Amino acid sequence: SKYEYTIXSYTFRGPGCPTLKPXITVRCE
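In terms of the entry's author numbering, the sequence shown opens at residue 1 and continues consecutively.
Structural data, given as structure tokens:
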């Protein structure tokens, strides 16, 4: 299970799914 969480276009990929601000393409698992 990984969140693919680009802030704008800045990707960070790890072992988590937190809730985040509107307009992030945070795609859990």
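Quick reminder that beta carbons are idealized off the backbone N, C-alpha and C, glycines included.
Bounding residues of the beta strand (DSSP E) (the contiguous stretch that carries residue i)
{"i": "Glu4", "result": "4-7"}
Residue environment, residue i, which counts as buried when at least 16 other CB atoms sit within 10 Å
{"i": "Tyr5", "result": "buried"}
For residue i, the three-state DSSP class (helix, strand or coil)
{"i": "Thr19", "result": "coil"}
Other residues of its chain near residue i: CB distance less than 6 Å, five sequence neighbours each side excluded
{"i": "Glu29", "result": "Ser1"}
Neighbourhood of residue i by C-beta distance below 7 Å, restricted to the same chain and skipping five residues each side
{"i": "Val26", "result": "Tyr3, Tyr5, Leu20"}
Contacts around residue i, its chain only, beta-carbon distance under 8 Å, and the 5 residues preceding and following it disregarded
{"i": "residue 32", "result": "This structure cannot speak to residue 32, because the chain is shown only from 1 to 29."}
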